[PDB]
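Working notes for the structure below.
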Amino acid sequence: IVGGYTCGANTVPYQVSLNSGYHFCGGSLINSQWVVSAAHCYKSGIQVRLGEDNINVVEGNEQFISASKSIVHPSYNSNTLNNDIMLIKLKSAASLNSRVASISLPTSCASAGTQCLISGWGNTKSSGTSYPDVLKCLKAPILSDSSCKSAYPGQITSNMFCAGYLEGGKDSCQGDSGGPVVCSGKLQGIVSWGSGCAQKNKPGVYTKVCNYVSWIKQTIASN
Ligand SMILES: [Ca+2]
């Protein structure tokens with residue numbers, strides 16, 4: 001997360017670290033057996049780590065649960081990054097308490113102007129590299145569709161929204177990918193892509209979760 005602050009241990013109870021030997025992406029717990037992440041984070045052999053804060057030190061609140069199956073959106077396109085959303089079913093139900101909890105899915109889409117919390121263990125530098133060991137947090141407003149389409153001409157589909165700062169210096173980044181964008185206690189987005197990180201006039205782009213609620217509920221009821 002570039003230009004963010006340390007969240008503090010287990011203050012973001014729905015945040016998950018996806019690990020295949022090393023933390024590679026984040027994700028969000030939506031019920032005790034299912035995680036939502038980004039389809040660009042797909043790989044085989046994912047272990048979901050819940051209850052994390054320092055991802056390099058076992059501190060007492062972790063649950064590491066292997067996934068049973070991963071489902072990429074039927075219409076995911078990796079070249080345009082449209083429909084960048086994937087479901088991960090866990091092998092056992094997780095145990096939910098205040099430090100590990102699920103987040104609600106949206107009933108209504110969020111308007112531009114709404115301030116959201118974005119969090120993850122991705123890169124913290126705009127130039128160069130530095131990956132933190134403890135979870136970072138960023139508050140950022142959803143931008144209007146016209147600032148977003150004017151920053152990324154020809155790239156924004158109806159399933160994408162921008163959030164962040166046009167002046168730069170504060171953004172999500174590589175590694176926060178698949179992580180949560182929470183606004184008024186509902187999951188509204190998934191960290192998806194951007195041009196670099198924290199560049200002037202290049203805000204973060206996020207998968208618009210309210211467009212996916214019926215696919216998520218139907219998939220969960222049948223799998
Ligand atoms: Ca840990």
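Here, each number is a calculation from the coordinates, and none is a lab measurement. Here the Cβ is made from the backbone with ideal geometry for all residues, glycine too, and neighbour counts use every protein chain on show.
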Within region 96-120, which residues are closer than 17 Å to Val191 by Cα and touching a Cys at 6+ places or on another chain (Cβ under 9 Å)?
-> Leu105, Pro106, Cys109, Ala110, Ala112, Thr114, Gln115, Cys116, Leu117, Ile118, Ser119, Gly120
Every residue from region 100-156 that is within 23 Å of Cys41 (Cα to Cα), in contact (Cβ under 8 Å) with a residue 40 or more places away in the chain and of a type in the set (S, T, N, Q) | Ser102, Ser104, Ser119, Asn123, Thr124, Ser126, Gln155
From the set of residues in region 44-77 that are in contact with a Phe, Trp or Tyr (Cβ under 9 Å, 6 or more places away or on another chain) and away from the ligand (no atom under 16 Å from the Cβ), which is farthest from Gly27 (Cα to Cα)?
-> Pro74
What tally of residues in region 73-98 results from selecting those that are within 17 Å of the chain's Cα centre (by Cα) and outside any loop (DSSP other than H, G, I, E, B)?
-> 4
Test for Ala101: is it surrounded by 15 or more Cβ atoms within 10 Å (Cβ to Cβ), more than 15 Å from the chain's Cα centre (by Cα) and more than 25 Å from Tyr165 (Cα to Cα) = yes
From the set of residues in region 188-223 that are in contact with a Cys (Cβ under 9 Å, 6 or more places away or on another chain) and in a strand (DSSP E or B), which is surrounded by the most Cβ atoms within 10 Å (Cβ to Cβ)?
-> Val191
Could you please find all residues in region 9-43 being without any contact (Cβ under 8 Å) to a residue 60 or more places away in the chain and away from the ligand (no atom under 15 Å from the Cβ)?
-> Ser20, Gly21, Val35, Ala39, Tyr42, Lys43
Any hit, region 56-65, residues being buried (at least 16 other Cβ atoms within 10 Å of the Cβ) and either within 16 Å of the chain's Cα centre (by Cα) or under 29 Å from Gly169 (Cα atoms) (or both) | no
In region 157-172, anything touching a strand residue (DSSP E or B) at 6+ places or on another chain (Cβ under 8 Å) and over 16 Å from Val209 (Cβ atoms) is listed as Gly164, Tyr165, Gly168, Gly169, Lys170, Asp171
